[PDB]
Structures are given as C-alpha cells and as structure tokens.
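Peer 1: Got a structure for you, written out below as structure tokens; questions coming shortly.
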Amino acid sequence: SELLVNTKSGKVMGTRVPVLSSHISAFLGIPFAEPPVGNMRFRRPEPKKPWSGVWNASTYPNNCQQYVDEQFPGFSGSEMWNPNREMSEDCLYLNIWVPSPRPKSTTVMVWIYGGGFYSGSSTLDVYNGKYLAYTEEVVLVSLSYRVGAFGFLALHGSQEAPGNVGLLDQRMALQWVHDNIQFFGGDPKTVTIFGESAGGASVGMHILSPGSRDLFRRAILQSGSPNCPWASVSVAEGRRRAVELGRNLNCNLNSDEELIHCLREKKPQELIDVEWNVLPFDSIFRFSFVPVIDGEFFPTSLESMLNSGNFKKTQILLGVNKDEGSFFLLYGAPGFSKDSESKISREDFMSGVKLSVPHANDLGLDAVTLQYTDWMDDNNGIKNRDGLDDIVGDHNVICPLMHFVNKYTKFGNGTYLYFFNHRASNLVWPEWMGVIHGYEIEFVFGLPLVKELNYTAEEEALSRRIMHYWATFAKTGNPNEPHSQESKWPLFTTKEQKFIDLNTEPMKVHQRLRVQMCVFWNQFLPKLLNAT
Amino acid sequence: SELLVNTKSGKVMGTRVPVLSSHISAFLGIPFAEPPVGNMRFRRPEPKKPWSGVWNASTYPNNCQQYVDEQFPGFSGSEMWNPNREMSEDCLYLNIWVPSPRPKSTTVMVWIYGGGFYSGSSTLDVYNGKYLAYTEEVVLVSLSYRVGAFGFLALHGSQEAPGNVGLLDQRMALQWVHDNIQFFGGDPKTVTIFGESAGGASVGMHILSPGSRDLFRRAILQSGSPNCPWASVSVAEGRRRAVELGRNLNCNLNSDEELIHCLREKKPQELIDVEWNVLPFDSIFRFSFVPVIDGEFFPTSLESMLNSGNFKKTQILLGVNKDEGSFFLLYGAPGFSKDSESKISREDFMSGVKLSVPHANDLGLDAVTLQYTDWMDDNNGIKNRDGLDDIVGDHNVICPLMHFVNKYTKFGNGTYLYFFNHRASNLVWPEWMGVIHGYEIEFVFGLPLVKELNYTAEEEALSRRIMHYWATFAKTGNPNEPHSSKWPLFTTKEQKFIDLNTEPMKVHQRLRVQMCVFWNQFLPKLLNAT
Ligand SMILES: COc1cc(CNC(=O)Cc2cn(CCNc3c4ccccc4nc4cc(Cl)ccc34)nn2)ccc1O
Ligand SMILES: COc1cc(CNC(=O)Cc2cn(CCNc3c4ccccc4nc4cc(Cl)ccc34)nn2)ccc1O
Ligand SMILES: *[C@@H]1O[C@H](CO)[C@@H](O)[C@H](O)[C@H]1NC(C)=O
Ligand SMILES: *[C@@H]1O[C@H](CO)[C@@H](O)[C@H](O)[C@H]1NC(C)=O
Ligand SMILES: *[C@@H]1O[C@H](CO)[C@@H](O)[C@H](O)[C@H]1NC(C)=O
Ligand SMILES: *[C@@H]1O[C@H](CO)[C@@H](O)[C@H](O)[C@H]1NC(C)=O
Ligand SMILES: *[C@@H]1O[C@H](CO)[C@@H](O)[C@H](O)[C@H]1NC(C)=O
Ligand SMILES: *[C@@H]1O[C@H](CO)[C@@H](O)[C@H](O)[C@H]1NC(C)=O
Ligand SMILES: [Cl-]
Ligand SMILES: [Cl-]
Ligand SMILES: [Cl-]
Ligand SMILES: [Cl-]
Ligand SMILES: [Cl-]
C-alpha cells in the first residue's frame, strides 16, 4: 500500500492529494515527540512513544501556542501568517509529501518555518509542500517546534527550563527523518534543511551545533543567519527575561524551581499576553524568547566557532530580499502605514533609528544617521523612508548574513548566494514596502504554478527555476545542472564574492553584496560601540 | 609731488612704475615698526620712530627670516613662493600701489600673505599690487609680519616672548594704514583686509580680536579661517614647543628668562634648522610656531567667541579651492610625486590618513577611512589618491571655513561664499594636483592680464571678473554692481555659493555639506568620546 507506512514508532496512513492535475501522497501530522505539556513545559523534548494501530495522518496537526497578529483584521496579507489550525501545546508534529509512485531513495528537503522564534506554523498555505515535491520529485518534510516562552525560556543551570528546547524540537524531528524517511522513499544521507527568517537562523545553528551536524547533508538559509542580532541572547539576558516574565505574573522569584513551577501553572495565553513586556528596550526586529548561547547546544560564542571553523563543512545556498526591513517598520515605527506612501519626517526618521538600533549609545546613533542621511536633501520623506528601510534590513538581515557567508566560505565546500528582488504582481501590500521579508517563500514553494492565484507567466517561470535551483542544489550541492545550456549561477568565493539576482529578468552576476554598508555594520559600528 | 608723500613718521619718495601700457605710483619698503632685532627678538613690535630726510621707497624691502623650500631646485612652481629678496630680521615693511593721478579718498585693500605662519614674503611676483590698483582704482597695500619662531614663539606669562607677535606686526601695519593712508589717497574708513591660507586665518583672527576690529571695515578670506586645526595652539602646547626648541639648541631651560636669552644669541638659521623638530606628531599640514589662544589677543576660545557673537560684525567674502590638499600630500605623504600620476596603494592610503589626521585615535582613523573609501573598488589607485586629496583639503581648509561661515553669518551683516575650481591652462604642476592651494591668488592679483604669462583670453576675463568682485565688495560690502547675474548672499537657510571658473556663474547650496557634517560634528564628538 502506497498510503500505509510502518515506521519505527508505528504505522501511519496517509492521504492522496491532488496537485496540478496529478496526485501525490501526503502524510500530515505525524508525531515525533511526546506532547510537551504539564510538567514537561519548558523541558527538552522526549521521543514519541510507539503507538499501536494506525495513525491517521490525513489532516494537518495543531499549531503551537503563539502570539496571533490582529493588527489588520480580515486582511489576507497578515492573516495568512497566523495559525490556521487550533493552537495547542500538543503541537510537535511533522508533515511529509511523497511523489507518487513512491521513489526508491530520493533527495529529502526539510522545511523549518520562521516567525521571530515567537510565531510560525508548518500548516500555512505558503508552506504547502505538494508543488515542490511533485515538480522536482523530492520528499518534502515540514517540521514544527515550540516558539515563544514555551520553546526558549532559558534559566541556565536549571534542567527543567534550560533554554533552546525549540531548537531541540527541530533536532528531534531531524533525528526522526534520519531514522524513518527511508520508509517513505527518501534517502537519509541526502537531507537538505532549509528555512526562512528564524528558520534560516535555525538552519545555521544546526550547522554550528555538533549535536545536529550529522542529521543532514547540506543547508539553505533564506533571509536569516545564526549570528543575526535578534536570533540569540546571553545566558544572563535570557535569565533576566525569564525572571521578568515571572514578575509580570506575580510569581515567586526566590528560586528557579518555584519560578518555573509558577509559570507551569499558567494557561498558555497568560504567558503570551505579557511576552513582549520583557524586552529591555523599545525596539523593532527584537523578540523576547530566542536561542541562548549556553555552552551546550553552542559550545562557545558564535563568532569564535565561525572564526575557528568549528561547524559542519558542506555546501550552502543562501540569500536575502531587497526590502527586508519594511514589514518591521510598518508594524513598529512612527509614520508608516499600509494605506499611504509613508513619507517619513526628519523627526520620525530619528525615532526610527533609535528603535532600529536599540543597543546603541548616542555616538552610535549619530554614526548610523550620518551613514544613511543625504544632508543635501535631509527633508526628503521618500529618502528618509527608504533610508530607514535599508537600516532595518541591513542591520538585522543582510549584513549579518554577509558576515556568515564570508566566515563560512573560508572552510566550507561551496557557497551560492542570491539577492531576491522581484515584487509580485499580485501583492496585497503597498508599493513602498518593496520586496518584503517572507515574500520569496511563495516562489520557493511553487504557488505561482497555481493559475487561480493569478501570477503572471513570467512569475510562474521564475518559480520553476527557483524550485529547480533549490532541488538540484539539494540533490547535488550545486544549483546548476552541468552540461545544460542555461546561465550558470557561480560559486561565491572569498576573492570574487559573486552572487546573482533572482527575478524575472535574465540572470545578472554581481559582486560584494552591499559591501559598503556592511563594512559599517560588521566592522566600524561594533568597534565604536565597544569604545568607552 | 605725486611721488613725494609726507606721513606722520616722515617723508617717503615712491617711484613711477609701468602697468599694462600705463603707469601708477609705487611706494615700496615703507617701515611701519622698529626693526625687531637683537634684544627685541620675540617681543611685541614697537612703532617706527620718525626719521628726517626722505625715505627711499623705490625698492622692495628684505623678507623676514624663514625656511626656504629646496625640494625642487630651479623649479618655478616651488621657487616662486620662496623669498626673492635678502632675508633679514629687519623686515617689518609695507608696500603701497597708488593710482595715477592720486585719487582723493578711495577704497583701500590690505594684503596679508600666507605660508603656514612659517614662511611668506610681501614681495612675491604673484602679490604684485599694480594690476589690481590700476584696474580697479584702489589703493593696494601689502604688509609683512614675522613668521616662524621669530613671530610665534610663545612663553605665556613672559613679556619678552609672549606669543602672537607676528599677529601684532600685522595689527601695527593696519594701525599705520589707519593713520597714514589718507596721505596716499586712501580712505581709512573703507579698508578691506584680505589674505590667503595663514593670511586668511589671520584676517579671521583680526575679526575676532577686540584690539584689531576698529582698524578695518570689511574682510576677505581665501582658503583659510581662524578656527583651522593648524592655525593655533594652546598656551600649554606653545610653551612645550618653545622649551623643545631650546632643548634642540642646548639651551638653559630653567626659566623663561634664561631660555629666551639663549634663543636670542643664536643666529636666525640656527633656529630655522630645528623648527620642524618640535612638532608632537608625524603629520602634514601642521606647523610649529602659530598663534596661541592667550586670553589677550583672543579673550576666550575661538569657538566660544564664535558662538557668543564676540567678533566684528561686518560683511565678509570668502571661499576655497577644489584641491586644497594636493600640495601637502606631494611634499609630505608616501606615494606622491610631481612627475607621475601618483596612484596611491592601499598601504600608502592608510599611512596618508594617519599623517593627515595626526590627533586621531585608531577608531577615528577607521571613521575617516570608511568615509572616504569605495569598498566596491578599494584598489583603485586614482580613487585612493583623490580620496586622500579630499581628506586633507576637507579637514584642513574647506570644513573649518564652512564652520566659520555658518557661525559668522548668524551675527554678521553679509556673507558671500565662493568655490574656485579653475585649473590654469599654463599650470606647471601635474594634472593630479588639480586646483592647488594658493593658485587662485594669481587671478585675484590680475596676472592673467599680462600677455607674456600666456593665460587664455577666457582666463583674463575670469581674473577681471574676480578683481571686480573683490574690489566692488571692498568698496560697498557687496561684490555685485547694481546692474547686469548676481552672486547671492549666503544665508543660514539657503546656504548659497557660486563657483568661480571660466564658465557662466552657477549658484549651488551646501558646499560639501556631507563631508563637513563628518569633520565638524561627528568626528569631534567621536574623538571627545573615545
Ligand atoms: C515592538 O514591541 C512590541 C511589539 C508588538 C507586536 N509586534 C509585531 O507584531 C511585529 C509583527 C510580527 N509579525 C509576524 C507576522 N507574520 C509575518 C511573517 C512571519 C514569518 C516570516 C516572515 C513574515 N513576513 C511577514 C510580512 C508581512 Cl508584510 C506581515 C507579516 C509577516 N507581524 N507583525 C507588541 C507589543 C510590543 O511592545
Ligand atoms: C606637519 O608637518 C609637516 C607639514 C607638511 C605640510 N606643509 C607644507 O607642505 C607646506 C610647504 C610650503 N612650502 C613652500 C610654500 N610655497 C607654497 C605656498 C605658500 C603660501 C600659500 C600657498 C602655497 N602654495 C604652494 C603650492 C605648491 Cl604646489 C608649492 C608651494 C606652495 N613647501 N611646503 C609637510 C611635512 C611636515 O612634516
Ligand atoms: C482519517 O481521517 C480522515 C479525515 O477526517 C477521515 O476522512 C478518514 O475516514 C479517517 N480514517 C479512518 C477513520 O480510518
Ligand atoms: C569540495 O570538496 C572536494 C573534496 O575535497 C574538493 O575536491 C572540491 O574542490 C571542494 N569544492 C569546493 C567548492 O570547495
Ligand atoms: C484572478 O483573476 C480572475 C480573472 O480576472 C478573477 O476573476 C479572480 O477574482 C482573481 N482571483 C484572485 C484570488 O484575485
Ligand atoms: C633709491 O634707490 C635706488 C636703487 O637702490 C636708486 O637708483 C635711487 O637713486 C635711490 N634714490 C635716492 C638715493 O634718492
Ligand atoms: C545689514 O545691516 C543693515 C543695517 O542694520 C540691515 O538693514 C541689513 O538687513 C543687514 N544686511 C544683512 C545682509 O544682514
Ligand atoms: C609665452 O608665449 C610666447 C609666445 O608664444 C613664448 O615665446 C614664451 O615662451 C611663452 N612664455 C612662457 C613663460 O611660457
Ligand atoms: Cl492545485
Ligand atoms: Cl573560496
Ligand atoms: Cl606689465
Ligand atoms: Cl583631480
Ligand atoms: Cl541670515
């Protein structure tokens, strides 16, 4: 039976799903861990105990408990990122799309969703794996992991709330794929992990973490890298935020045990309602409960691991979007609105700079301002708007990724870098937001192939070449088919630093992605902030 | 009669000189101070005592004692700035060119030479006042002042070597003009002082100093301003350099009196031979003996005077050249040569910014480097060279002047700002040096009007335009003649300036505003913080 699969934890029964006038098999909502509920809240995950009978894997699972965005009620542009299933702490499930007929031993791709480590679901429409699995003949897995305080409350020293347990959730799903994907026609020796934003940082963190390295072959990182300023905190700061969470909930704070015991008695929504109150500053692109540099999942500082070559040496493919910052300014900074051009006054520019670089002293804010201000034309609201957009995306996404790219390439086995800069013809968000954080995902997952969604024919072709780059890289470590007639995406090298644009035009090769601003963010500003 | 003038100090006899197929009167080498020689070395100047008989004013005077540039022997481009008369400590003289026939009561312009406060002569070819006096019908005076240690050795608290005596030489010549120019056909109520480089800084210093302000009407500043980083030192640093000069010469250092007595025994060239040894850093565009912020000539810090409005409120006309830095790199920085395009390696670029900003810490040098480096093309030797050129000129001339112009305009009565960016067609220096520090002077003084010097016809028209702007401003406080395109007032809000070149005038705003925010606001804050 094509839909009946016996795994090491028991039998599962999938469902036959239509795709683009054909069909493939889907195994939805397979458990990979014990429910992390009750006295297991904040604890490392435990493997799912084997079950008798047949697991009905015909429907999507629950989503993990998380903040729900109600900024634009009814608006598809925001609501499509919210949970579309019931939320529950019982949420550690994965989904598998398998070509039909079942392949013998084919390439596997495992998707890790983003969402700032505080939101995200495996079940969103834009993460539907059926188009990529069918078009490129890959076995596509999407995992899940605890987000927010449930996944990343860190009281270092405690074994009840150690921190990083959402990362351990991801690892346990990777271990399940390693142990079971052969029963679905996948090769556990050819697993590519890919993810976007926090999922892209996560992918980088598994490259670094010794306990993860042997559970995958190579990696794709989209608009995120492990060294991003929002993607981790120190053990001291994670302790600070966890204690502040208890303080917001009238918890006994005398010891880790009773603080944890207090927090385990609260309903999930009680923690979520105060989650944002524990941040140290008014800020944008900052999130309360994130991975912690603990000495276990990460043996030393990320920078020292990067400098020494202490990471998995393989092939990577990674990149960024042109306007990573716009969504964060819309939600968090003065003068921005989705129903206007959002021309930014000089006063609102100054406010946004402080929100964008909250850890900076006054000298550091001056440096950022001078670097991004045209003093011949300082009251230009369009230049002010775009300058802030660039500040947010450069500081938080692009320049951290370029730092990772350059350190990794010194030891890795092949780097391919992209710059996604296509604005979708059917975008529901205003034109000033440009090429938004997250809006390459629908191209990676082949949604433009669905004629009902009203993408252009050029956008379908773009989606198809991106899916084929991604999958060919997954299968071989090279996005290019050698001996093909197509334009070749060149290796990124330390010396020449090449990358391509991804858009609907013929390929352009460039060098030194945003090198000028990234010298500022990666070398000058940190030296300034460390001055005294 | 026309050439025989009785002044308050005695009779002077000038000479009839040819100018452009005509003639005017020249009175050369008139003394305005007692010779500051012997025990008067380093002291404030004293008025020249009256003489009987007729002072022969037919010949240029001696030049003050100074370092002589021998980098390019026989090269006219460097030797034209060196002394062209015998050097002597007996050098406090001035020169006057008077239209013929003698006007009744006309506008006076007084030239103050530059040269880093360590060199300069009133007698150079490019300062010949006859073309400007004749063409614009003004009385043209050039003064002189002691340079180097002789003018600016500063041992504050001593009255024997107090500092700033070179500035007091300038003021005494202005006092002499105030008292006597009426006998030469000049109006002492309509005196414009103007100078370039250190002379431009000097002009600004006389605007600030209460003891100078009543001795002139208006001012012109060319490629220099009083707040320039090279233009003054603190009394502590001045004292340190004076003590180090004595140390270099095996002087007794126990007391001011003993040090000064030692330094007064040395021959002039003995002091000049060690002058540069007292600088605290390897550097370019830094000079050993310069004005001191003493509490007397300058009542408080320059910045506080500028902020409070404690200065002379009048009209000013001022500006800069496109490539102020190139001359200093040629003489002082690795990789530059007069005989090549001087493409600058990355290594020599780093050495250059260190020499250019000697007071900066490592973080400050990084900031300057980031501000001027194209990291898409960092091994471009042309971009590295031009970046270093901009650094030197922006830091040392352009941005200090813009800080001055913005502060002055808040209280003053009229500001006119120019940007001189014409490369002379007969320039003797290589192309990479561009529009060099000092090379607007020949246009201000009308040398393009001289056929044998082989300027183009367009360059003669430019010089005539510049001479008329300068003199009309001197006469009225406004460079424009009330009838025709206008040079607009620089205002705090609109910040307009004009280019000066052979092309029709264009108005711009915010001269090098991006780099001057860096030099005037961010870098000072960075260095004060780190
Ligand atoms: C600043 O401090 C505080 C902050 C808050 C509240 N902040 C906020 O909600 C910011 C926010 C976060 N998301 C997450 C929604 N999904 C996503 C995306 C998810 C994953 C990956 C890419 C995504 N790309 C999106 C692009 C657009 Cl265009 C819209 C939504 C996107 N939506 N908005 C409350 C209180 C505070 O004190
Ligand atoms: C910090 O200490 C140091 C500082 C420096 C940096 N100062 C120096 O270059 C000064 C200098 C002066 N002359 C001889 C002066 N004639 C002049 C000028 C005179 C007055 C006004 C403008 C002049 N425009 C000239 C242009 C050219 Cl092209 C050639 C000579 C010019 N030659 N050099 C170098 C080394 C150091 O150690
Ligand atoms: C599995 O669940 C699906 C979805 O409701 C249902 O249609 C199907 O009958 C179930 N299979 C069983 C009960 O064997
Ligand atoms: C990857 O490693 C193999 C094995 O040593 C080597 O032959 C190849 O050159 C490497 N490729 C890159 C791009 O480093
Ligand atoms: C897609 O375009 C069709 C044809 O114009 C239109 O009827 C439909 O409403 C569009 N669908 C969406 C989801 O925009
Ligand atoms: C003034 O000096 C010049 C040369 O030094 C001389 O020719 C002239 O006759 C002198 N005038 C006198 C001595 O009256
Ligand atoms: C100069 O001062 C006069 C007299 O007070 C005044 O009328 C005029 O506005 C001033 N001009 C400028 C440019 O400030
Ligand atoms: C000026 O031009 C004349 C005439 O062509 C020429 O003889 C002379 O050499 C030139 N002078 C200089 C100083 O170049
Ligand atoms: Cl479909
Ligand atoms: Cl390489
Ligand atoms: Cl002549
Ligand atoms: Cl040039
Ligand atoms: Cl004004």
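Think of each number as a place in line: the chain as shown, counted from 1.
Cβ atoms here come from the backbone N, Cα and C positions, even for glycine.
Features from Swiss-Prot:
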| type | residues | note |
| --- | --- | --- |
| CARBOHYD | B:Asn56 | N-linked glycosylation site |
| DISULFID | B:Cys64-B:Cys91 | disulfide bond |
| ACT_SITE | B:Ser197 | active site, acyl-ester intermediate |
| DISULFID | B:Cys251-B:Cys262 | disulfide bond |
| ACT_SITE | B:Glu324 | active site, charge relay system |
| DISULFID | B:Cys399-B:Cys516 | disulfide bond |
| CARBOHYD | B:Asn413 | N-linked glycosylation site |
| ACT_SITE | B:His437 | active site, charge relay system |
| CARBOHYD | B:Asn454 | N-linked glycosylation site |
| CARBOHYD | B:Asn528 | N-linked glycosylation site |
Peer 1: Are there any residues in the same chain, six or more apart in sequence, whose C-beta is under 8 angstroms from the C-beta of B:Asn454 (N-linked glycosylation site), and if so which?
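Peer 2: Sequence-distant Cβ neighbours: B:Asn426.
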Peer 1: Measure from the CA atom of the residue listed as 'active site, acyl-ester intermediate' to the CA atom of B:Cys64 (disulfide bond) and give the result in Å, rounded to a whole number.
Peer 2: 18
Peer 1: Which ones, of the recorded positions B:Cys91, B:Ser197, B:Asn413, are Cβ-proximal to chain A (under 8 Å)?
Peer 2: none
Peer 1: Between B:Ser484 and B:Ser485 the model skips 2 residues. Roughly how many angstrom lie between the two CA atoms, to the nearest whole number?
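Peer 2: In this entry the gap's Cα endpoints measure 6 Å apart.
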Peer 1: Count, for each of the disulfide-bonded residues B:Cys64, B:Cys91, B:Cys262, B:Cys399, B:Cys516, the other C-beta atoms lying within 10 angstroms of its own C-beta, and report the residue with the smallest count.
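Peer 2: Checked B:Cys64, B:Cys91, B:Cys262, B:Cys399, B:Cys516; of these disulfide-bonded residues, fewest Cβ neighbours within 10 Å: B:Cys262.
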Peer 1: Rank aside, I only need the closest one: which of the active-site residues B:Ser197, B:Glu324, B:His437 has its C-alpha nearest to that of B:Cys91 (disulfide bond)?
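Peer 2: Given the candidates B:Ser197, B:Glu324, B:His437, the nearest one is B:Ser197.
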Peer 1: If you count the C-beta atoms lying within 10 Å of each candidate's C-beta, which of the glycosylation sites B:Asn413, B:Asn528 ends up with the smallest number?
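Peer 2: B:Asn528, out of the glycosylation sites B:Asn413, B:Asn528, has the fewest neighbouring Cβ atoms within 10 Å.
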Peer 1: Does DSSP give B:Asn528 (N-linked glycosylation site) helix, strand or coil?
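Peer 2: In the DSSP reduction, B:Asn528 (N-linked glycosylation site) maps to helix.
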Peer 1: Can you tell me which of the recorded positions B:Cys251, B:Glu324, B:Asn413 is spatially closest to B:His437 (active site, charge relay system)? Compare CA atoms only.
Peer 2: B:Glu324
Peer 1: If I restrict to non-local contacts, at least six residues apart, and a C-beta distance under 8 angstroms, what lies near B:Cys251 (disulfide bond) in its own chain?
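Peer 2: Sequence-distant Cβ neighbours: B:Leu245, B:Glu258, B:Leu259, B:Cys262, B:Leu263.
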Peer 1: Taking just the CA atoms, what is the gap between B:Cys516 (disulfide bond) and B:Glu324 (active site, charge relay system) in Å?
Peer 2: 15
Peer 1: Sequence gap of 6 or more, C-beta under 8 Å: which same-chain residues meet both conditions with respect to B:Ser197 (active site, acyl-ester intermediate)?
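Peer 2: Listed in sequence order: B:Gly114, B:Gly115, B:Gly116, B:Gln222, B:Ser223, B:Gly224, B:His437, B:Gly438.
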Peer 1: Does anything in the same chain, at least 6 positions from B:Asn56 (N-linked glycosylation site), have a Cβ under 8 Å from its Cβ, and if so what?
Peer 2: B:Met13
